[PDB]
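Enquirer: Dropping a structure here in structure tokens format, bear with me for questions.
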Amino acid sequence: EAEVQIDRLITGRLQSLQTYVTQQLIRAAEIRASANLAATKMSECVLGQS
Amino acid sequence: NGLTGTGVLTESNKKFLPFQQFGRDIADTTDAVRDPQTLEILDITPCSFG
Amino acid sequence: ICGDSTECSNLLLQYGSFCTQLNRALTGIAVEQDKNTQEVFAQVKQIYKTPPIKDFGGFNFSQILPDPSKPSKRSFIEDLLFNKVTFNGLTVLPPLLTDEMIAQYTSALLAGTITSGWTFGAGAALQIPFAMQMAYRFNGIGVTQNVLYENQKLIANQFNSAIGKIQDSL
Amino acid sequence: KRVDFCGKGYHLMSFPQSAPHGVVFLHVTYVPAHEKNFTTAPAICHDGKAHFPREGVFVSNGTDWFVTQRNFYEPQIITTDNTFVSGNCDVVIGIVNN
Amino acid sequence: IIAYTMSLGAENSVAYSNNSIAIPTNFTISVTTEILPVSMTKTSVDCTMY
Ligand SMILES: *[C@@H]1O[C@H](CO)[C@@H](O[C@@H]2O[C@H](CO)[C@@H](O)[C@H](O)[C@H]2NC(C)=O)[C@H](O)[C@H]1NC(C)=O
Ligand SMILES: *[C@@H]1O[C@H](CO)[C@@H](O[C@@H]2O[C@H](CO)[C@@H](O)[C@H](O)[C@H]2NC(C)=O)[C@H](O)[C@H]1NC(C)=O
Ligand SMILES: *[C@@H]1O[C@H](CO)[C@@H](O[C@@H]2O[C@H](CO)[C@@H](O)[C@H](O)[C@H]2NC(C)=O)[C@H](O)[C@H]1NC(C)=O
Ligand SMILES: *[C@@H]1O[C@H](CO)[C@@H](O[C@@H]2O[C@H](CO)[C@@H](O)[C@H](O)[C@H]2NC(C)=O)[C@H](O)[C@H]1NC(C)=O
Ligand SMILES: *[C@@H]1O[C@H](CO)[C@@H](O[C@@H]2O[C@H](CO)[C@@H](O)[C@H](O)[C@H]2NC(C)=O)[C@H](O)[C@H]1NC(C)=O
Ligand SMILES: *[C@@H]1O[C@H](CO)[C@@H](O[C@@H]2O[C@H](CO)[C@@H](O)[C@H](O)[C@H]2NC(C)=O)[C@H](O)[C@H]1NC(C)=O
Ligand SMILES: *[C@@H]1O[C@H](CO)[C@@H](O)[C@H](O)[C@H]1NC(C)=O
């Protein structure tokens with residue numbers, strides 16, 4: 001039944017890891033959108049008059 | 001003293017008080033312990049990986 | 001999950017391949033971060049340098065140009081910005097580009113836009129005195145270039161005042 | 001007109017082509033080359049008046065002086081048709097006699 | 001295999017002066033590609049079968 005105990009630990013920790021990974025993916029998508037905006041602004045307003 | 005772990009043991013300059021047994025920093029991470037025979041402020045550091 | 005335990009590893013082995021996808025997602029995130037930085041900063045092909053003598057018609061750019069005395073080769077405002085803002089199986093990977101290279105790109109961009117105008121964004125940079133570049137820019141916004149050539153001193157003075165105020169506010 | 005949106009350089013036109021799950025754009029752009037050094041000046045003082053170019057810039061190969069369009073070398077003789085007058089030649093920094 | 005430090009690119013000092021300009025005399029016409037995805041495959045999945 002120790003193996004049952006480790007089963008409980010495993011499922012809990014794996015669920016926590018999955019939630020963390022999903023949050024990371026969402027935040028990275030947001031950051032990528034902001035980076036695209038920054039690159040467009042830098043190309044259009046620094047290398048030429050907008 | 002029945003507490004099992006793995007790491008590298010180094011002399012530590014932490015200032016305990018005569019009634020503690022083992023200190024820590026955060027998130028239930030044991031950092032320094034006191035050997036029953038000598039009563040020395042040791043230190044625990046995880047073995048390197050990557 | 002296991003923390004160096006054989007039994008936990010054996011029990012986790014029968015949960016299928018969940019960890020490969022987990023590692024693959026984080027690797028994609030890291031590669032995306034590197035691509036983001038590279039595509040937002042690496043905009044030019046060569047590294048430009050400002051001339052040793054700096055007489056830009058009265059405009060003063062000393063606050064933004066890099067200072068060779070500092071080892072970081074960063075400007076005043078960059079230093080202010082950098083100063084103002086502050087293991088159980090997890091690791092942190094260093095960025096592909098160090099800060100010195102980012103500073104070098106910024107300096108190259110600034111020198112190119114301060115000497116050759118907007119010409120360096122299309123082909124080869126062509127030199128142009130700074131006053132008659134601001135003349136072109138006023139012509140672009142809808143004001144005849146007579147205004148700049150008649151109020152150059154006032155324009156430069158109030159530009160310097162604005163940059164000083166922005167430095168103080170930051 | 002927005003710079004570097006589609007193609008590096010001044011944009012002329014584009015052509016689309018299909019792909020299995022996307023599109024391919026062919027951008028046609030204009031890029032200058034074979035530049036030459038010249039000596040410039042912001043305005044021209046004449047009869048005590050200041051002359052500015054309607055559209056172009058003043059250059060000279062050593063003498064003469066000419067007006068030219070910005071993106072292509074095509075000198076022309078300076079005339080009252082392509083220049084306009086505003087004020088006397090006493091305040092501009094860089095005024096030249098001609 | 002050789003490991004080195006990145007080269008950010010070429011290096012040049014543009015010739016700036018307060019009474020000198022550079023004007024082009026000839027031109028070239030260039031054609032460049034750009035590829036953009038717009039769609040992906042449509043899939044459907046049933047529970048009781050899966
Ligand atoms: C451009 O602005 C800078 C502001 O930092 C000027 O540098 C100051 O100049 C004054 C006058 O000599 C000195 O008292 C300060 O100590 C200087 N500050 C620093 C940080 O060096 C600079 O002189 C200005 N440029 C010109 C051409 O006047
Ligand atoms: C600058 O260009 C002008 C125009 O081409 C040159 O003037 C001509 O020079 C040729 C060569 O001697 C003469 O045959 C023409 O009669 C000139 N045209 C005039 C005077 O209207 C001028 O020589 C050039 N200067 C330099 C220094 O290259
Ligand atoms: C371009 O810069 C040069 C060098 O700074 C200026 O030449 C100076 O002109 C003044 C005014 O006649 C003289 O008193 C100086 O002796 C000149 N310096 C040298 C080194 O010869 C020139 O006037 C500037 N041209 C502009 C601002 O249109
Ligand atoms: C451009 O021409 C004007 C008029 O010929 C020059 O103005 C004269 O300059 C001389 C010498 O400096 C003075 O003695 C006269 O008093 C000036 N006359 C007037 C009405 O101002 C002017 O110097 C010339 N510019 C250059 C750069 O030589
Ligand atoms: C335009 O004039 C400059 C001034 O002599 C010519 O020389 C160049 O000057 C820059 C900056 O001092 C150097 O980086 C170049 O290496 C120089 N070119 C040489 C030595 O061949 C310049 O060649 C002339 N032409 C152009 C297109 O700039
Ligand atoms: C502008 O550039 C074009 C192409 O770079 C030049 O045409 C070339 O001229 C040389 C010399 O006669 C020939 O060997 C090439 O075969 C030509 N190329 C083509 C595609 O025709 C043209 O002469 C240049 N014009 C100017 C004024 O510089
Ligand atoms: C335990 O015994 C050893 C050997 O006699 C001695 O060196 C040590 O000081 C003792 N420790 C305590 C806490 O009495």
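Naming works like this for the structure tokens: A, B, ... for the chains as they're shown, residue 1 at the start of each chain, ligands 1 onward in shown order.
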Using only C-alpha atoms, I'd like every residue of chain C that has an atom within 12 Å of chain D; please write them out as a CSV table (one decimal) with C-alpha atoms, in the first residue's frame.

Expert:
chain,number,residue,atom,x,y,z
C,43,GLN,CA,17.2,44.9,-37.6
C,44,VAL,CA,20.4,46.1,-39.4
C,57,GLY,CA,23.5,71.7,-35.6
C,58,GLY,CA,23.1,72.5,-31.9
C,118,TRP,CA,15.9,56.9,-42.9
C,119,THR,CA,18.0,55.9,-45.9
C,120,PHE,CA,19.8,53.1,-44.1
C,121,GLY,CA,16.6,51.3,-43.6
C,122,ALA,CA,16.3,50.5,-47.3
C,123,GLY,CA,19.7,50.2,-48.8
C,124,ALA,CA,23.1,51.7,-48.1
C,125,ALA,CA,23.3,54.6,-45.6
C,126,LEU,CA,23.8,58.0,-47.2
C,127,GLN,CA,25.1,60.8,-45.1
C,128,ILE,CA,23.1,64.0,-44.6
C,129,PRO,CA,23.6,67.0,-42.3
C,130,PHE,CA,21.3,66.8,-39.4
C,131,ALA,CA,19.6,70.2,-39.9
C,132,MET,CA,18.3,69.4,-43.4
C,133,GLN,CA,17.0,66.1,-42.1
C,134,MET,CA,14.7,67.8,-39.6
C,135,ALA,CA,13.8,70.0,-42.5
C,136,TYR,CA,12.7,67.0,-44.5
C,139,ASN,CA,8.1,68.9,-44.8
C,140,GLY,CA,6.7,65.5,-44.1
C,144,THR,CA,7.3,74.2,-44.9
C,145,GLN,CA,11.0,73.9,-44.2
C,146,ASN,CA,11.4,77.7,-43.8
C,147,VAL,CA,10.2,77.3,-40.2
C,148,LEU,CA,13.1,75.1,-39.1
C,149,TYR,CA,15.8,77.3,-40.8
C,150,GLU,CA,14.3,80.3,-39.1
C,151,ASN,CA,13.9,78.8,-35.6
C,152,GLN,CA,16.7,76.3,-35.4
C,153,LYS,CA,18.2,77.7,-32.1

Enquirer: May I have the residues within 10 Å of residue 29 in chain A as a list in words, using only C-alpha atoms and disregarding those fewer than 5 positions away in the same chain?

Expert: residues 24, 34 and 35 of chain A; 29 and 32 of chain C

Enquirer: Which distance in Å separates atom 10 (C, counted along the ligand's line) of ligand 1 and CA of residue 160 in chain C, to one decimal?

Expert: 12.8 Å

Enquirer: Could you tell me which of B:45, B:35, B:50, B:28 comes closest to ligand 7 if we count only C-alpha atoms and all ligand atoms?

Expert: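 Looking at the shortest contact to ligand 7, the residue is B:35.
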
Enquirer: Taking the DSSP assignment computed from this structure's backbone, write out as number ranges by chain all residues of chain C that belong to helix (DSSP H, G or I).

Expert: C: 6-13, 19-41, 76-84, 99-115, 119-121, 131-141, 146-150, 152-169

Enquirer: With a distance cut-off of 12 Å and only C-alpha atoms, select the neighbouring residues of residue 40 in chain B, excluding the residue or stretch itself and same-chain residues fewer than 3 positions from it, and output the selection as a ChimeraX atom specification.

Expert: /B:9-18,20-22,32-37,43

Enquirer: Kindly determine which residues of chain E lie within 10 Å of chain C, considering only C-alpha atoms, and give the answer as a ChimeraX atom specification.

Expert: /E:6-24

Enquirer: Let's have the selection written as an mmCIF file, in the first residue's frame, with N, CA, C and O atoms.

Expert:
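File written: selection-v2.cif
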data_model
loop_
_atom_site.group_PDB
_atom_site.id
_atom_site.type_symbol
_atom_site.label_atom_id
_atom_site.label_comp_id
_atom_site.auth_asym_id
_atom_site.auth_seq_id
_atom_site.Cartn_x
_atom_site.Cartn_y
_atom_site.Cartn_z
ATOM 1 N N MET E 6 29.942 35.065 -31.080
ATOM 2 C CA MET E 6 29.171 35.561 -32.208
ATOM 3 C C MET E 6 29.752 36.864 -32.736
ATOM 4 O O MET E 6 30.269 37.692 -31.983
ATOM 5 N N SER E 7 29.664 37.036 -34.049
ATOM 6 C CA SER E 7 30.008 38.285 -34.713
ATOM 7 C C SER E 7 28.712 38.973 -35.113
ATOM 8 O O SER E 7 27.952 38.444 -35.931
ATOM 9 N N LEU E 8 28.457 40.146 -34.533
ATOM 10 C CA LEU E 8 27.197 40.829 -34.783
ATOM 11 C C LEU E 8 27.060 41.299 -36.222
ATOM 12 O O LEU E 8 25.945 41.614 -36.647
ATOM 13 N N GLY E 9 28.142 41.346 -36.970
ATOM 14 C CA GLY E 9 28.091 41.750 -38.354
ATOM 15 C C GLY E 9 29.339 42.526 -38.708
ATOM 16 O O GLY E 9 30.331 42.488 -37.988
ATOM 17 N N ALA E 10 29.260 43.243 -39.824
ATOM 18 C CA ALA E 10 30.381 44.038 -40.302
ATOM 19 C C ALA E 10 30.550 45.268 -39.414
ATOM 20 O O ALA E 10 29.856 45.448 -38.411
ATOM 21 N N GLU E 11 31.494 46.132 -39.771
ATOM 22 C CA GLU E 11 31.764 47.332 -38.995
ATOM 23 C C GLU E 11 32.193 48.433 -39.947
ATOM 24 O O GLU E 11 33.094 48.223 -40.764
ATOM 25 N N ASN E 12 31.550 49.593 -39.848
ATOM 26 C CA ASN E 12 31.919 50.725 -40.682
ATOM 27 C C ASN E 12 31.585 52.020 -39.962
ATOM 28 O O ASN E 12 30.649 52.084 -39.163
ATOM 29 N N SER E 13 32.358 53.057 -40.268
ATOM 30 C CA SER E 13 32.150 54.393 -39.727
ATOM 31 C C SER E 13 31.696 55.288 -40.871
ATOM 32 O O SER E 13 32.500 55.647 -41.738
ATOM 33 N N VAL E 14 30.411 55.640 -40.875
ATOM 34 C CA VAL E 14 29.863 56.456 -41.948
ATOM 35 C C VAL E 14 30.492 57.844 -41.930
ATOM 36 O O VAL E 14 30.784 58.407 -40.867
ATOM 37 N N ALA E 15 30.730 58.389 -43.121
ATOM 38 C CA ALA E 15 31.409 59.674 -43.283
ATOM 39 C C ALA E 15 30.394 60.797 -43.118
ATOM 40 O O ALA E 15 29.699 61.165 -44.066
ATOM 41 N N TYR E 16 30.325 61.363 -41.919
ATOM 42 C CA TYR E 16 29.407 62.453 -41.633
ATOM 43 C C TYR E 16 30.145 63.782 -41.641
ATOM 44 O O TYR E 16 31.240 63.902 -41.087
ATOM 45 N N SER E 17 29.533 64.776 -42.272
ATOM 46 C CA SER E 17 30.045 66.136 -42.272
ATOM 47 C C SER E 17 28.858 67.077 -42.390
ATOM 48 O O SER E 17 27.779 66.690 -42.839
ATOM 49 N N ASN E 18 29.063 68.321 -41.985
ATOM 50 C CA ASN E 18 27.969 69.274 -41.919
ATOM 51 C C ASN E 18 27.678 69.949 -43.255
ATOM 52 O O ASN E 18 26.750 70.759 -43.332
ATOM 53 N N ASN E 19 28.447 69.654 -44.303
ATOM 54 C CA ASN E 19 28.102 70.168 -45.624
ATOM 55 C C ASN E 19 28.368 69.154 -46.729
ATOM 56 O O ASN E 19 28.841 69.525 -47.806
ATOM 57 N N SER E 20 28.070 67.880 -46.491
ATOM 58 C CA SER E 20 28.326 66.849 -47.488
ATOM 59 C C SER E 20 27.211 65.818 -47.461
ATOM 60 O O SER E 20 26.809 65.369 -46.384
ATOM 61 N N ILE E 21 26.728 65.434 -48.643
ATOM 62 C CA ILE E 21 25.667 64.446 -48.779
ATOM 63 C C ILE E 21 26.095 63.391 -49.788
ATOM 64 O O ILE E 21 27.096 63.534 -50.487
ATOM 65 N N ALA E 22 25.314 62.317 -49.850
ATOM 66 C CA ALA E 22 25.507 61.250 -50.820
ATOM 67 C C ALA E 22 24.208 61.038 -51.576
ATOM 68 O O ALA E 22 23.148 60.892 -50.962
ATOM 69 N N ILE E 23 24.288 61.012 -52.902
ATOM 70 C CA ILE E 23 23.082 60.876 -53.718
ATOM 71 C C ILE E 23 23.226 59.689 -54.660
ATOM 72 O O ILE E 23 24.274 59.534 -55.300
ATOM 73 N N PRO E 24 22.224 58.817 -54.758
ATOM 74 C CA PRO E 24 22.320 57.675 -55.670
ATOM 75 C C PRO E 24 22.234 58.107 -57.125
ATOM 76 O O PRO E 24 21.679 59.153 -57.464
#

Enquirer: Show me which residues sit within 8 Å of ligand 6 when counting only C-alpha atoms and all ligand atoms, and put them as a PyMOL selection string.

Expert: (chain D and resi 34) or (chain E and resi 25-28)

Enquirer: Show which residues sit within 8 Å of residue 39 in chain A, as a PDB file with N, CA and C atoms, in the first residue's frame. Count only C-alpha atoms, and ignore same-chain residues fewer than 6 positions away.

Expert:
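Below you can see out-v1.pdb, which holds the result:
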ATOM      1  N   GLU C  39      14.441  38.797 -33.423  1.00  0.00           N
ATOM      2  CA  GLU C  39      13.693  39.477 -34.470  1.00  0.00           C
ATOM      3  C   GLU C  39      13.260  40.877 -34.073  1.00  0.00           C
ATOM      4  N   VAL C  40      13.268  41.209 -32.779  1.00  0.00           N
ATOM      5  CA  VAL C  40      12.944  42.580 -32.398  1.00  0.00           C
ATOM      6  C   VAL C  40      14.171  43.477 -32.359  1.00  0.00           C
ATOM      7  N   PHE C  41      15.366  42.925 -32.170  1.00  0.00           N
ATOM      8  CA  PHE C  41      16.532  43.796 -32.059  1.00  0.00           C
ATOM      9  C   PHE C  41      17.453  43.759 -33.266  1.00  0.00           C
TER      10      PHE C  41
END

Enquirer: Can I get the residues close to ligand 2 as a PyMOL selection string, where close means within 8 Å and we count only C-alpha atoms and all ligand atoms?

Expert: chain D and resi 60-64

Enquirer: Check every protein, DNA and RNA residue against ligand 4, keep those with an atom at most 8 Å away (counting only C-alpha atoms and all ligand atoms), and present them as a list in words.

Expert: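 Those within range of ligand 4 are residues 45, 47, 48, 95, 96, 97 and 98 of chain D.
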
Enquirer: Produce a file of the selected residues containing N, CA, C and O atoms, as a CSV table (one decimal), in the first residue's frame.

Expert:
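Output saved as again.csv:
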chain,number,residue,atom,x,y,z
D,45,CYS,N,21.5,82.7,-51.0
D,45,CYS,CA,21.3,84.1,-50.9
D,45,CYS,C,21.6,84.8,-52.2
D,45,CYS,O,22.6,84.6,-52.9
D,47,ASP,N,20.6,88.7,-54.1
D,47,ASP,CA,20.0,90.1,-54.0
D,47,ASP,C,19.6,90.4,-52.6
D,47,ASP,O,18.7,91.3,-52.4
D,48,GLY,N,20.2,89.8,-51.6
D,48,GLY,CA,19.8,90.0,-50.2
D,48,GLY,C,18.6,89.1,-49.7
D,48,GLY,O,18.3,89.2,-48.5
D,95,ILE,N,23.9,79.5,-45.2
D,95,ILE,CA,23.6,80.3,-46.4
D,95,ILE,C,24.9,80.4,-47.2
D,95,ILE,O,26.0,80.6,-46.7
D,96,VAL,N,24.7,80.4,-48.6
D,96,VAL,CA,25.9,80.5,-49.5
D,96,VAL,C,25.5,81.5,-50.6
D,96,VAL,O,24.4,81.6,-51.0
D,97,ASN,N,26.5,82.3,-51.0
D,97,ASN,CA,26.3,83.2,-52.1
D,97,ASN,C,26.3,82.5,-53.4
D,97,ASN,O,27.1,81.6,-53.7
D,98,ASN,N,25.4,82.9,-54.3
D,98,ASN,CA,25.3,82.4,-55.6
D,98,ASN,C,24.3,83.3,-56.4
D,98,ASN,O,23.9,84.4,-55.9

Enquirer: Of the candidates B:26, B:39, B:3, B:8, which one gets nearest to ligand 7 if we count only C-alpha atoms and all ligand atoms?

Expert: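 Looking at the shortest contact to ligand 7, the residue is B:39.
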
Enquirer: Kindly provide, as a PDB file with N, CA and C atoms, in the first residue's frame, the residues of chain C having any atom no farther than 12 Å from an atom of chain B, counting only C-alpha atoms.

Expert:
ATOM      1  N   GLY C   3      12.134  12.576  -7.268  1.00  0.00           N
ATOM      2  CA  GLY C   3      13.224  12.986  -6.409  1.00  0.00           C
ATOM      3  C   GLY C   3      14.218  11.875  -6.148  1.00  0.00           C
ATOM      4  N   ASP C   4      14.627  11.181  -7.211  1.00  0.00           N
ATOM      5  CA  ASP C   4      15.635  10.123  -7.139  1.00  0.00           C
ATOM      6  C   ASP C   4      15.162   8.963  -6.259  1.00  0.00           C
ATOM      7  N   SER C   5      14.069   8.338  -6.692  1.00  0.00           N
ATOM      8  CA  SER C   5      13.552   7.129  -6.066  1.00  0.00           C
ATOM      9  C   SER C   5      13.227   6.116  -7.152  1.00  0.00           C
ATOM     10  N   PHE C  87      16.743  24.475  -5.313  1.00  0.00           N
ATOM     11  CA  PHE C  87      16.742  23.735  -6.568  1.00  0.00           C
ATOM     12  C   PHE C  87      16.279  22.300  -6.358  1.00  0.00           C
ATOM     13  N   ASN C  88      15.164  21.949  -6.988  1.00  0.00           N
ATOM     14  CA  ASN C  88      14.559  20.629  -6.862  1.00  0.00           C
ATOM     15  C   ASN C  88      14.166  20.095  -8.230  1.00  0.00           C
ATOM     16  N   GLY C  89      15.082  20.196  -9.189  1.00  0.00           N
ATOM     17  CA  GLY C  89      14.830  19.752 -10.542  1.00  0.00           C
ATOM     18  C   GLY C  89      14.495  20.851 -11.525  1.00  0.00           C
ATOM     19  N   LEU C  90      14.507  22.107 -11.097  1.00  0.00           N
ATOM     20  CA  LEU C  90      14.218  23.240 -11.960  1.00  0.00           C
ATOM     21  C   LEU C  90      15.510  23.971 -12.292  1.00  0.00           C
ATOM     22  N   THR C  91      15.623  24.424 -13.538  1.00  0.00           N
ATOM     23  CA  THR C  91      16.812  25.114 -14.010  1.00  0.00           C
ATOM     24  C   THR C  91      16.408  26.336 -14.821  1.00  0.00           C
ATOM     25  N   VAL C  92      17.312  27.307 -14.873  1.00  0.00           N
ATOM     26  CA  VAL C  92      17.114  28.541 -15.620  1.00  0.00           C
ATOM     27  C   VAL C  92      18.196  28.628 -16.684  1.00  0.00           C
ATOM     28  N   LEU C  93      17.786  28.871 -17.925  1.00  0.00           N
ATOM     29  CA  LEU C  93      18.767  28.922 -18.998  1.00  0.00           C
ATOM     30  C   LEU C  93      19.098  30.363 -19.363  1.00  0.00           C
TER      31      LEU C  93
END

Enquirer: Just want the 12 Å neighbourhood of range 8-11 of chain A, counted on only C-alpha atoms, with same-chain residues fewer than 4 positions away dropped. Output as a count of residues only.

Expert: 21

Enquirer: Would you list, as an MDAnalysis selection string, the residues of chain C that end up in strand (DSSP E or B) under DSSP run on this structure's backbone?

Expert: chainID C and resid 46:48 56 59

Enquirer: The selected residues should be written to file as a compact mmCIF listing (two decimals), in the first residue's frame (atoms: N, CA, C and O atoms).

Expert:
# COMPACT_ATOMS: atom_id res chain seq x y z
N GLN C 46 24.88 45.87 -40.53
CA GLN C 46 26.21 46.32 -40.16
C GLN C 46 26.13 47.10 -38.86
O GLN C 46 25.05 47.46 -38.39
N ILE C 47 27.29 47.36 -38.27
CA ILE C 47 27.39 48.11 -37.03
C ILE C 47 27.96 49.48 -37.36
O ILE C 47 29.11 49.59 -37.81
N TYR C 48 27.17 50.52 -37.15
CA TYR C 48 27.58 51.88 -37.46
C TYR C 48 28.19 52.54 -36.23
O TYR C 48 27.95 52.15 -35.09
N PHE C 56 25.99 68.46 -34.20
CA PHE C 56 24.71 68.19 -34.86
C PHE C 56 23.81 69.42 -34.90
O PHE C 56 22.66 69.37 -34.47
N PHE C 59 21.81 70.40 -31.62
CA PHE C 59 21.17 69.36 -30.85
C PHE C 59 22.21 68.59 -30.05
O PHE C 59 23.31 68.33 -30.53
